[PDB]
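Since the structure comes first, as structure tokens, the remarks are kept for the end.
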There are 4 protein chains.
Amino acid sequence: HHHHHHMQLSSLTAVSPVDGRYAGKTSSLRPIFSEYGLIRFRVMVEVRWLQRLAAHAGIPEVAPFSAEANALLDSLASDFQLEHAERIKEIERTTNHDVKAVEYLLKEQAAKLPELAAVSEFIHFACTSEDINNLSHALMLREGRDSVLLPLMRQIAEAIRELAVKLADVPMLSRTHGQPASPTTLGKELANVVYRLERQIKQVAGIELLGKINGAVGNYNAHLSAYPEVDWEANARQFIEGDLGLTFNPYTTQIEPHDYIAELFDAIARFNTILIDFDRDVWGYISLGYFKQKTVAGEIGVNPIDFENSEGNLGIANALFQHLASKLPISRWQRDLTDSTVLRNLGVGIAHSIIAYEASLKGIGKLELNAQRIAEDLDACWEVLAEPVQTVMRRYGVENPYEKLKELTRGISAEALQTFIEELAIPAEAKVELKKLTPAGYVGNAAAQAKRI
Amino acid sequence: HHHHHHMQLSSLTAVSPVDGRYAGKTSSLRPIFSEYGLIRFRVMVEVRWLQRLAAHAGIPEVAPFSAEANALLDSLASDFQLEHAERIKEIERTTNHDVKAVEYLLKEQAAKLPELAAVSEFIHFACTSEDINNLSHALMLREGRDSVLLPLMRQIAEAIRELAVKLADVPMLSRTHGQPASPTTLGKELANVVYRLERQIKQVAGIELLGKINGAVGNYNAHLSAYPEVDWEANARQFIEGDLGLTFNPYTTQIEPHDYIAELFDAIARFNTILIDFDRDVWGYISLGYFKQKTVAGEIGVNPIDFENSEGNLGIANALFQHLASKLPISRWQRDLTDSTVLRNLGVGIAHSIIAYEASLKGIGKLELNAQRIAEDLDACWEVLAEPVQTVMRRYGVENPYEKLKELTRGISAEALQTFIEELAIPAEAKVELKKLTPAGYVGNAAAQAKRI
Amino acid sequence: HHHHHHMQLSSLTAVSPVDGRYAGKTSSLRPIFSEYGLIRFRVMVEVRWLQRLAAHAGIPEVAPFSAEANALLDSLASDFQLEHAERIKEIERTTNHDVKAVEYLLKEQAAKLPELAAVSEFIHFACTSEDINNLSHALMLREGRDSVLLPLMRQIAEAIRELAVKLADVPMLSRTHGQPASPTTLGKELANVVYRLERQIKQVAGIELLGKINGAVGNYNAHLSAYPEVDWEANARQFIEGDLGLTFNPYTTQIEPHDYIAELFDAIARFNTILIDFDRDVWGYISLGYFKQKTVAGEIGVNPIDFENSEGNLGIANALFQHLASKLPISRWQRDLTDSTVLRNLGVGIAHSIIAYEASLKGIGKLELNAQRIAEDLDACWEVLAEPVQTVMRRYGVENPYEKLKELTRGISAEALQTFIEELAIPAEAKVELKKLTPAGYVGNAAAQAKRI
Amino acid sequence: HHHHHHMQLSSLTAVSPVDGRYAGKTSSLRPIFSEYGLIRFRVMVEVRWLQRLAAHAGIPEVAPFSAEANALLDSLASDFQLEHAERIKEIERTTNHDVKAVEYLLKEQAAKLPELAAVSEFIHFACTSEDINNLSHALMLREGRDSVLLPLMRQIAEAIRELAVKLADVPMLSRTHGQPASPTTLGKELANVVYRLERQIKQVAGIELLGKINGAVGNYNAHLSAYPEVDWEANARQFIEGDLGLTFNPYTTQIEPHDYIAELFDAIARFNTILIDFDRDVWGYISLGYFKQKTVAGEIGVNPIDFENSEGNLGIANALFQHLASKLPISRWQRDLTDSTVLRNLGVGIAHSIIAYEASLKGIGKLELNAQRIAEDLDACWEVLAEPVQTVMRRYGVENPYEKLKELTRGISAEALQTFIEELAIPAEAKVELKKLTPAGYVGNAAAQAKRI
Ligand SMILES: Nc1ncnc2c1ncn2[C@@H]1O[C@H](COP(=O)(O)O)[C@@H](O)[C@H]1O
Ligand SMILES: Nc1ncnc2c1ncn2[C@@H]1O[C@H](COP(=O)(O)O)[C@@H](O)[C@H]1O
Ligand SMILES: Nc1ncnc2c1ncn2[C@@H]1O[C@H](COP(=O)(O)O)[C@@H](O)[C@H]1O
Ligand SMILES: Nc1ncnc2c1ncn2[C@@H]1O[C@H](COP(=O)(O)O)[C@@H](O)[C@H]1O
């Protein structure tokens, strides 16, 4: 027992490293995925709902707002104040109901202007709490994806592309099963990663972010009891697609079913898996000495600690993404509430991802070629030239090729190759090209593929 | 120690229930995902490669084949014989190399016709083993997806759609947190599942199945050493997209990187997750007595054992899909061989999925309505009508609504509602509609949504 | 784009709900698992190492400390000041090395007293950073397990035991496959959970928490170069087992290999899995109306939201525990650094666990029996008495039992049973006991088992 | 569409590679975990139950059996015939109930001897199907663990121990973060793995395998209705602990709750995780050329394909173990049947494990030292000797050590070290030892630790 007094929350004392050691890397998510962010977006959705009712000619009891009333509401929806989130937390100490606390805050703000007080009972009109929550979650995911996550993903792809093109012509021994194999270029091996990452970026950006607004159980019961002549399905689709810029989900229960969150998180996890592969392969190239790493003055160790930090955080991110994708879309009957607490972690997998992306970018920026080590391994591996000799022998039908090639590989050297080539019953132009071969020259079209990535 | 003599393999003695208790449900996968299937497709790809070289004007050493030579090759590629797979296994006892054994089998078959013997050294010309493997895996996945998996997925969606439409008008108490909530219809709750499943079917069917053919390390080194003037990238894309009907992957190492396998398995897993949710919710409806189940003469128990079997097998399927998606796309440098053994399990997650799909279809086919139990719970829940009364009161600005509504809910009954409605300062047409309300009538537009699924 | 200004960290703006919405439930972990906690324990281990060297007669250059020198060091190790952790973070901005920053802080504190300044180069003597880290992690896990986690686990077991005993005699219909089955008592069904939880508590408490202190790569190289005559293995075991109260790991690389962290987290996850099962089953009993829940004045809904919050957080906890157990014990060669960032999340799975445990305790405290609903289902299920009638018929060899029992079940009622029993060729004492049977009486020895849990 | 005719089951056509490509490695599991094995053990448990009743003085209606009756029953329980499992499958085509089919088979065998026919209604007396299933599962797991899995685990530990001792004195450069670090010995790095594996072997062997026998819902209801004076709890514990050699679980529902299966599978997974780490590290040593691999005559490639196969199969095994541990112990109320189909896969994770263990043993047996490559890297790394020089300088208080040591490392060589050591204000005996240092000599006590593993 090493007991300790209570400590106030700071980045030093935060239990999770998302808000702790890595707070500086995750702070852009605080307006989005925190409880403040959830409250902010709940208030936005409530305000826009009330404004939609005011504009709706089928809802005469909410008349179109004056500029002054709109200005108050627009300030809540687009210039949200921390003091209101603090008040909502205070109200929640009584209600033990977080969306009801948002409602009460909005009624308190509406009370201050008579035009808004007169329609205060239309705040949240016919809504269930999940009508507000699901639209908040989609807006949070849209903001986190588009303004924080995707820019960093594209930064990684472009930083690796720059190196792929720079290093396109640098021949390098390949390793399969860890053992020497036909050469490539270092730029080609980096280009391969760019191509994979960009496929997943396109998939991440393409996921439709679904929303609904349809009352307690999905069927607009309360809406139709009060306003049987209003087309509430048309209103909902216009609100969600037009007013909010999301994609409409026409069939739900109390909750939006969360399949699109699984789709999005599965796509981010696939990007992260490619980046784990990259972090490990580059750790391996640095272990071989093929890359060296720039140092920063005053720092104390060069070890690839940024790639290692990235790899560790991508694993955590993907574990969380896998859990949320597997668990969120199962909900008992017209819903159970186990998803609410889980959805408070939408930002946590994204946080571990962007921590890793910043770390991978830092590691990439330190990479410098060590051409001497790359060339050392290549020039010590004339054995890679058995394959092209064998393939040319096959083209031209050289007799007893297995025995014949074994005369060379019992082994290969520049001089032994020159001698062996002249023994072969192949045309003169075939000999000219084989005699030019060196390990570093036997790269196929790696460089051309790399340059056009 | 209960020791036992050695047992030959049969469905009774198979260790895995895929080939054991459930062999009858998985037998359509035997020509596809088994070692026989892998061998079958390897032979197909080798044959089509040789035929592509024969047709290629840039490869004059392989002349276009006679009809008789094509007939032999076409028989290997489209009427494959188990005896050849058995011979390949025999050869492999020497080579300890499965694709090399395919090569040797093809050379043995080519030896039988002089036209083919003359080009036997062009079997597998310039290929690495993974050129054959990755195209085999894509063709296997295409066949399993299109001819076995997707038809069963669509059968489930259509069987649930039929019930959704049949039961569209059947009012039912909703349960949120397990507790009574505003009514729906049983058909609407089934329609919700159809909509989710069909989104994932579209995603499953839409995954592009990627292939490559580019030699040892991705760069066509051997091809270009023998045939420097042939456009091998164009040839590869035409082979893969045109001859084989797959999608070209232009950047790979020795292996195709397997991201599209993660994409496909992530999409099947999302379908399976919806079907787990359905299996559990229907188990719950059967527990409530809302559905009864038909019985089969002579069987001994009615318990929802087909839904339970389905739910158990979907969990196994998804565990395997998650592992393969997470692990396959990480491979050391220009590849490690840990993916080979894992890819022998491509069919196993699919097998557990189709076992579950058959079980869910069997359970669905047994479902029959128990309207008495559904109505019993609804008519015992007049409390659901507080919400519409409250919403109408809000529309018309009824004073002190919290206190006023509490006069009714201290509770609600047909008679107490009639009396309470007449107390309200609301228009006559609002009273007419509230006075018609019954729990079973308070379903919103559930039925119309359900009918158009 | 709903852009937002930068926000300082508070529980409202924290991205993770561990330090956000649930900060009040996790604050006891801040002195333990946060970066502050890691720093605190690193300083403790360094101080105790230096004190061990001072006491070691084989290290004459560090003489036993004066009381005044011990007092300074003891204050660092047992009354740690946030200002020192803040200074360490400042130093780390230069070093980019967190344990080196601890070293420099300790050298700054040692400079203030000449007796300590004279041995400042023995701070961290012969250590590698992981000698300090691994002992810190074990001490952190010990404190979190023993002082925070295990007390809450035992609170749950005892709270369920109290209800099991209270409800031991309350007969209840069982449900298997969701369908009626032979009765039990509600207390017996709760007792079953206590027994399972306490097995896992014993396993959690029993995990040995392993430590090492052996230099850069596990072999005491530096120690032996300077002090070849000191038994450094004996010193390490005495330090770890005696001075620190941990268990010695005699074989490591640079890192302690983390298997015991997998053992501990696997055991906590098994407890959590039982508690998920409990949270779901109780949600089901509340859905059946068998339990009602107390309400709190002023709160706004009764729904089992505490059990649902618990269930959601146990799933997150277990996802993190599974990842850390699977990934931490794999480390490249004599180590890679991917474990460091992952180990900053040791407290996060524990945090989600204790959030869930508090929520489950809150839900349990609200539970009250609804005996009317339990009895309603039982008295409507005379069909459960076919089984005992059939078993008695088997004991006494009643002829044609299948046909005979079918005469009764075509069904069972109190009166039909009285009549049927008199038809049976069984002894008088067998009839006496069958005639007493009622559904609520047919509970076996459930009550006696429940009372002794 | 490459359609194909139906294929009968063989190892070539099996969908799962457990019964397919790897059938030869898994065939020892066929009498244990297959449907045959499940049936075999169900028959064993039923027979032993009937024999327990015959011996029970409180069950006078089943008299102690003649030797002839025991011989028939003992043959069913200890010399089980495939023909009976085939008959059970035939009966199951009618019953659609697998344990009821076992009952009917046993009644058919009992009919053949009048002494057994007279007690045929005591076959399965008062049991529920899960009384037979759970005891079967525990006996299956015991047999698979003790007779197949643990022997292979110990074979791996001993094979690595043999190499650890053989290579105990072989100095080797360490790599941390992939970069050079203080030397070790190759035998020490292998010894570290032995120690970890054997901890998990002890845990695997120590798991108690739990059983119950207590009727439909855990409360002996039917037993007590027929035999109210028999102590059925004492009988159950004696049957399970004494007759069957298992451990008693006193609190269950219809099912044994499966926590001990999670405990066992978690322990096997921890062993497998260590073996993945080993497979990867050895793949790395082979990539460095530190080990070479023996070849087999006629085989065609040396690549570490056995370690790669092992690593791939351990990942699959652990994915299945994780799923079964997480899912099996959650069961709705007094049970749902989703566990039945999942438990048919108890042998599948074990199968992938023993495939991997055989592959790792094959790879280990091929390992041979390449002392030239190990020594090449060591003798090229005099930089490892900065650490001991620095530590000796600290012991003796050498002034301005940072600047002083930098005079040497701007670098280190045998000659520069000799010169630098003579500059230091340290005692003569300290210089004698520093002057002896070479990279290969700077291994600490690695060799002594390795030799006593
Ligand atoms: N049906 C519901 N829909 C939305 N929110 C709800 C519902 N029922 C309760 N809540 C509130 O949702 C919040 C859940 O908190 P948590 O479990 O911490 O995510 C609490 O404020 C609950 O009172
Ligand atoms: N680089 C390679 N590409 C493709 N197959 C290979 C390679 N190296 C070895 N193999 C063969 O792939 C098979 C792998 O078997 P398995 O590990 O059981 O999936 C064996 O027949 C190996 O000899
Ligand atoms: N071999 C090592 N052992 C322990 N810590 C190290 C090692 N190398 C670097 N570090 C430091 O460990 C910390 C890792 O930070 P993080 O990746 O955020 O957990 C940084 O301060 C690194 O400089
Ligand atoms: N309550 C029960 N306990 C044990 N087995 C059962 C139960 N109810 C049904 N079964 C049988 O268990 C088997 C389950 O098959 P599967 O789902 O393929 O594992 C079928 O033969 C069912 O009829």
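Convention: chains lettered A, B, ... in structure tokens order; per-chain residue numbering from 1; ligands numbered from 1 as shown.
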Exercise. Near stretch 21-26 of chain B, within 12 Å and counting only C-alpha atoms, which residues show up once chain neighbours fewer than 5 positions away are dropped, as a count of residues only?
Worked result: 54
Using only C-alpha atoms and a distance of at most 7 Å, pull out the residues of chain B that contact chain C, as an mmCIF file with C-alpha atoms, in the first residue's frame.
```cif
data_model
loop_
_atom_site.group_PDB
_atom_site.id
_atom_site.type_symbol
_atom_site.label_atom_id
_atom_site.label_comp_id
_atom_site.auth_asym_id
_atom_site.auth_seq_id
_atom_site.Cartn_x
_atom_site.Cartn_y
_atom_site.Cartn_z
ATOM 1 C CA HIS B 177 -34.105 -1.206 -22.241
ATOM 2 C CA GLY B 178 -36.366 -4.277 -22.127
ATOM 3 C CA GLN B 179 -39.289 -2.096 -20.915
ATOM 4 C CA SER B 287 -39.422 -16.269 -25.484
ATOM 5 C CA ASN B 303 -37.192 -24.364 -28.617
ATOM 6 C CA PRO B 304 -35.506 -21.966 -31.127
#
```
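In this comparison, which uses only C-alpha atoms and all ligand atoms, the residue of C:18, C:186, C:113, C:385 approaching ligand 1 most closely is C:18.
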For this session: Give me the residues within 7 Å of residue B:391 as a list in words, counting only C-alpha atoms and dropping any in the same chain fewer than 4 places off.
Result: residues 126, 222 and 226 of chain A; 387 and 395 of chain B
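Counting from atom 10 (N, counted along the ligand's line) of ligand 3, the distance to atom CA of residue A:299 is 10.8 Å.
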Exercise. Contacts of residue B:121 at 9 Å or less, counting only C-alpha atoms, minus same-chain residues fewer than 6 places along, as a PyMOL selection string?
Worked result: (chain A and resi 394-395+397) or (chain B and resi 107)
For this session: Mind checking which residues fall within 8 Å of stretch 66-76 of chain D, counting only C-alpha atoms, ignoring those fewer than 5 positions away in the same chain, and posting them as a VMD selection string?
Result: chain D and resid 43 to 44 47 81 113 115 to 116
Next, write the just-selected residues to a file, as a compact mmCIF listing (two decimals), in the first residue's frame, keeping N, CA and C atoms as the atom set.
```txt
# COMPACT_ATOMS: atom_id res chain seq x y z
N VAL D 43 -21.49 -41.76 -24.43
CA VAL D 43 -21.80 -43.16 -24.10
C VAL D 43 -21.06 -43.58 -22.84
N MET D 44 -19.78 -43.21 -22.73
CA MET D 44 -19.02 -43.49 -21.51
C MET D 44 -19.70 -42.92 -20.28
N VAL D 47 -22.96 -44.81 -19.44
CA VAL D 47 -22.66 -46.12 -18.87
C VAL D 47 -22.20 -45.99 -17.42
N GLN D 81 -17.37 -48.71 -30.35
CA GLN D 81 -17.38 -49.17 -31.73
C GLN D 81 -17.96 -48.10 -32.63
N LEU D 113 -29.70 -58.11 -23.29
CA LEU D 113 -29.44 -58.94 -22.11
C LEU D 113 -30.54 -58.67 -21.09
N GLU D 115 -30.94 -58.86 -17.93
CA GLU D 115 -30.58 -58.12 -16.73
C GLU D 115 -30.51 -56.63 -17.01
N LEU D 116 -30.05 -56.25 -18.20
CA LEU D 116 -29.97 -54.83 -18.55
C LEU D 116 -31.32 -54.29 -19.04
```
For this session: Please identify all polymer residues within 9 Å of stretch 363-371 of chain D, counting only C-alpha atoms, omitting same-chain residues fewer than 6 positions from it, and present them as a ChimeraX atom specification.
Result: /D:156,159-160,163,167,170,286,289-295,304-307
Write the residues of the selection above to a file with C-alpha atoms, as a compact mmCIF listing (two decimals), in the first residue's frame.
```
# COMPACT_ATOMS: atom_id res chain seq x y z
CA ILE D 156 9.24 -27.81 -27.53
CA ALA D 159 14.22 -29.03 -27.58
CA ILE D 160 14.86 -25.34 -26.98
CA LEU D 163 19.94 -25.76 -27.83
CA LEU D 167 24.84 -22.55 -27.36
CA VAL D 170 28.24 -18.45 -28.01
CA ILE D 286 17.92 -16.91 -39.74
CA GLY D 289 22.44 -15.64 -41.03
CA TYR D 290 23.13 -16.51 -37.36
CA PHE D 291 21.40 -19.86 -37.87
CA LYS D 292 21.46 -21.93 -41.02
CA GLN D 293 18.95 -24.69 -41.65
CA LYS D 294 19.55 -28.28 -42.63
CA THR D 295 18.00 -29.41 -45.91
CA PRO D 304 12.34 -20.92 -42.56
CA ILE D 305 8.99 -22.16 -43.80
CA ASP D 306 8.34 -24.39 -40.74
CA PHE D 307 8.61 -21.43 -38.37
```
For this session: Would you mind writing down, as a PyMOL selection string, each residue of stretch 155-358 of chain B that DSSP on the backbone assigns to helix (DSSP H, G or I)?
Result: chain B and resi 155-166+186-206+221-226+232-243+259-288+305-327+338-343+346-358
Exercise. Near stretch 274-277 of chain B, within 9 Å and counting only C-alpha atoms, which residues show up once chain neighbours fewer than 4 positions away are dropped, as number ranges by chain?
Worked result: A: 259, 329-333; B: 193, 196-197, 269-270, 281-282, 307, 310-312, 314-315, 357, 360
Would you save the residues from that selection as a CSV table (one decimal), in the first residue's frame, using N, CA, C and O atoms?
```csv
chain,number,residue,atom,x,y,z
A,259,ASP,N,-24.5,0.4,-38.2
A,259,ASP,CA,-23.7,-0.3,-39.2
A,259,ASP,C,-22.7,0.6,-39.9
A,259,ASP,O,-21.6,0.2,-40.2
A,329,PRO,N,-23.6,-2.6,-33.4
A,329,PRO,CA,-24.8,-2.9,-34.2
A,329,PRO,C,-25.7,-4.0,-33.7
A,329,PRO,O,-26.7,-4.4,-34.3
A,330,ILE,N,-25.4,-4.5,-32.5
A,330,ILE,CA,-26.3,-5.5,-31.8
A,330,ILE,C,-26.9,-4.7,-30.7
A,330,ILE,O,-26.3,-4.2,-29.8
A,331,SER,N,-28.3,-4.7,-30.7
A,331,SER,CA,-29.0,-3.9,-29.7
A,331,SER,C,-30.3,-4.6,-29.4
A,331,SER,O,-31.0,-4.9,-30.4
A,332,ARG,N,-30.7,-4.9,-28.2
A,332,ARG,CA,-31.8,-5.7,-27.9
A,332,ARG,C,-33.2,-5.0,-28.2
A,332,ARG,O,-33.5,-4.0,-27.7
A,333,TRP,N,-33.9,-5.7,-29.1
A,333,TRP,CA,-35.3,-5.3,-29.5
A,333,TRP,C,-35.2,-3.8,-30.0
A,333,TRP,O,-34.3,-3.6,-30.9
B,193,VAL,N,-34.6,-5.1,-40.4
B,193,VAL,CA,-33.4,-6.0,-40.6
B,193,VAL,C,-33.1,-6.2,-42.0
B,193,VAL,O,-32.0,-6.2,-42.4
B,196,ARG,N,-31.0,-3.3,-43.4
B,196,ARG,CA,-29.6,-3.5,-43.0
B,196,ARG,C,-28.9,-4.6,-43.7
B,196,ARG,O,-27.8,-4.4,-44.2
B,197,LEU,N,-29.5,-5.7,-43.8
B,197,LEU,CA,-28.8,-6.8,-44.5
B,197,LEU,C,-28.6,-6.5,-46.0
B,197,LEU,O,-27.5,-6.8,-46.5
B,269,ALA,N,-18.6,-9.9,-42.3
B,269,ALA,CA,-18.8,-9.9,-40.8
B,269,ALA,C,-19.9,-8.9,-40.5
B,269,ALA,O,-20.6,-9.1,-39.5
B,270,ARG,N,-20.0,-7.8,-41.2
B,270,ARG,CA,-21.0,-6.8,-40.8
B,270,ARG,C,-22.4,-7.4,-41.1
B,270,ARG,O,-23.4,-7.2,-40.3
B,281,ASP,N,-32.9,-11.2,-31.3
B,281,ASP,CA,-34.2,-10.6,-31.2
B,281,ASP,C,-35.3,-11.5,-31.4
B,281,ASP,O,-36.3,-11.5,-30.7
B,282,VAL,N,-35.2,-12.4,-32.4
B,282,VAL,CA,-36.2,-13.4,-32.7
B,282,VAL,C,-36.3,-14.4,-31.5
B,282,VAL,O,-37.4,-14.9,-31.1
B,307,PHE,N,-32.1,-20.9,-34.6
B,307,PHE,CA,-31.6,-19.5,-34.3
B,307,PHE,C,-30.4,-19.6,-33.4
B,307,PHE,O,-29.4,-18.9,-33.7
B,310,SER,N,-27.4,-20.9,-35.4
B,310,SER,CA,-27.0,-19.8,-36.3
B,310,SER,C,-26.1,-18.8,-35.5
B,310,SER,O,-25.0,-18.4,-36.0
B,311,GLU,N,-26.6,-18.3,-34.4
B,311,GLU,CA,-25.9,-17.3,-33.6
B,311,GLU,C,-24.5,-17.8,-33.2
B,311,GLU,O,-23.5,-17.0,-33.3
B,312,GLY,N,-24.4,-19.0,-32.8
B,312,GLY,CA,-23.1,-19.6,-32.4
B,312,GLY,C,-22.2,-19.6,-33.6
B,312,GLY,O,-21.0,-19.2,-33.5
B,314,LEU,N,-22.3,-17.8,-36.4
B,314,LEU,CA,-21.9,-16.5,-36.9
B,314,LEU,C,-20.7,-15.9,-36.0
B,314,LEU,O,-19.9,-15.2,-36.5
B,315,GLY,N,-20.7,-16.2,-34.7
B,315,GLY,CA,-19.7,-15.7,-33.9
B,315,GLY,C,-18.3,-16.3,-34.2
B,315,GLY,O,-17.3,-15.6,-34.3
B,357,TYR,N,-26.4,-19.4,-42.0
B,357,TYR,CA,-27.5,-18.9,-42.9
B,357,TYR,C,-28.5,-20.0,-43.1
B,357,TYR,O,-29.7,-19.7,-43.1
B,360,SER,N,-30.5,-20.1,-39.9
B,360,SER,CA,-31.5,-19.0,-39.8
B,360,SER,C,-32.6,-19.2,-40.8
B,360,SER,O,-33.8,-18.9,-40.4
```
Problem set entry | Counting only C-alpha atoms and all ligand atoms, the residue of B:301, B:440, B:232, B:280 that sits nearest ligand 4 | B:301
Exercise. In terms of the shortest atom-to-atom distance over only C-alpha atoms and all ligand atoms, which of B:337, B:321, B:199, B:182 is closest to ligand 1?
Worked result: B:182
Output as a PDB file with N, CA and C atoms, in the first residue's frame all residues of stretch 35-281 of chain A that backbone DSSP marks as strand (DSSP E or B).
```pdb
ATOM      1  N   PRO A 171      18.621   0.738 -56.301  1.00  0.00           N
ATOM      2  CA  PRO A 171      18.433  -0.716 -56.263  1.00  0.00           C
ATOM      3  C   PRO A 171      18.647  -1.253 -54.864  1.00  0.00           C
ATOM      4  N   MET A 172      17.914  -2.316 -54.549  1.00  0.00           N
ATOM      5  CA  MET A 172      17.948  -2.889 -53.214  1.00  0.00           C
ATOM      6  C   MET A 172      17.681  -4.382 -53.298  1.00  0.00           C
ATOM      7  N   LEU A 173      18.436  -5.184 -52.540  1.00  0.00           N
ATOM      8  CA  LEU A 173      18.102  -6.596 -52.383  1.00  0.00           C
ATOM      9  C   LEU A 173      16.712  -6.772 -51.777  1.00  0.00           C
ATOM     10  N   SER A 174      15.916  -7.646 -52.380  1.00  0.00           N
ATOM     11  CA  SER A 174      14.664  -8.033 -51.749  1.00  0.00           C
ATOM     12  C   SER A 174      14.911  -9.142 -50.745  1.00  0.00           C
ATOM     13  N   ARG A 175      13.980  -9.260 -49.788  1.00  0.00           N
ATOM     14  CA  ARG A 175      14.019 -10.379 -48.863  1.00  0.00           C
ATOM     15  C   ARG A 175      12.645 -10.990 -48.807  1.00  0.00           C
ATOM     16  N   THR A 176      12.587 -12.267 -49.112  1.00  0.00           N
ATOM     17  CA  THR A 176      11.385 -13.062 -48.951  1.00  0.00           C
ATOM     18  C   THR A 176      11.718 -14.158 -47.946  1.00  0.00           C
ATOM     19  N   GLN A 179      15.067 -13.871 -46.492  1.00  0.00           N
ATOM     20  CA  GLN A 179      16.232 -14.351 -47.235  1.00  0.00           C
ATOM     21  C   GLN A 179      16.369 -13.632 -48.575  1.00  0.00           C
ATOM     22  N   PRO A 180      17.576 -13.531 -49.113  1.00  0.00           N
ATOM     23  CA  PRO A 180      17.766 -12.775 -50.366  1.00  0.00           C
ATOM     24  C   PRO A 180      16.899 -13.268 -51.508  1.00  0.00           C
ATOM     25  N   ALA A 181      16.383 -12.301 -52.267  1.00  0.00           N
ATOM     26  CA  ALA A 181      15.503 -12.542 -53.397  1.00  0.00           C
ATOM     27  C   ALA A 181      15.788 -11.465 -54.449  1.00  0.00           C
ATOM     28  N   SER A 182      15.156 -11.625 -55.611  1.00  0.00           N
ATOM     29  CA  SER A 182      15.455 -10.770 -56.762  1.00  0.00           C
ATOM     30  C   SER A 182      15.351  -9.291 -56.396  1.00  0.00           C
ATOM     31  N   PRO A 183      16.251  -8.438 -56.890  1.00  0.00           N
ATOM     32  CA  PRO A 183      16.254  -7.049 -56.428  1.00  0.00           C
ATOM     33  C   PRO A 183      15.014  -6.260 -56.834  1.00  0.00           C
ATOM     34  N   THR A 184      14.844  -5.170 -56.093  1.00  0.00           N
ATOM     35  CA  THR A 184      13.798  -4.185 -56.347  1.00  0.00           C
ATOM     36  C   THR A 184      14.471  -2.823 -56.275  1.00  0.00           C
ATOM     37  N   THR A 185      13.679  -1.743 -56.152  1.00  0.00           N
ATOM     38  CA  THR A 185      14.264  -0.485 -55.699  1.00  0.00           C
ATOM     39  C   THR A 185      13.590  -0.056 -54.406  1.00  0.00           C
ATOM     40  N   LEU A 210     -24.802   8.072 -41.566  1.00  0.00           N
ATOM     41  CA  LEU A 210     -26.262   7.956 -41.593  1.00  0.00           C
ATOM     42  C   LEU A 210     -26.901   8.594 -40.372  1.00  0.00           C
ATOM     43  N   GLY A 211     -28.074   9.179 -40.612  1.00  0.00           N
ATOM     44  CA  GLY A 211     -28.858   9.791 -39.549  1.00  0.00           C
ATOM     45  C   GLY A 211     -30.333   9.499 -39.729  1.00  0.00           C
ATOM     46  N   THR A 247     -26.524  11.569 -44.536  1.00  0.00           N
ATOM     47  CA  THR A 247     -27.265  10.644 -45.386  1.00  0.00           C
ATOM     48  C   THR A 247     -28.417  10.026 -44.588  1.00  0.00           C
ATOM     49  N   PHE A 248     -29.586   9.967 -45.194  1.00  0.00           N
ATOM     50  CA  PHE A 248     -30.795   9.517 -44.496  1.00  0.00           C
ATOM     51  C   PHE A 248     -30.828   8.005 -44.334  1.00  0.00           C
TER      52      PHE A 248
END
```
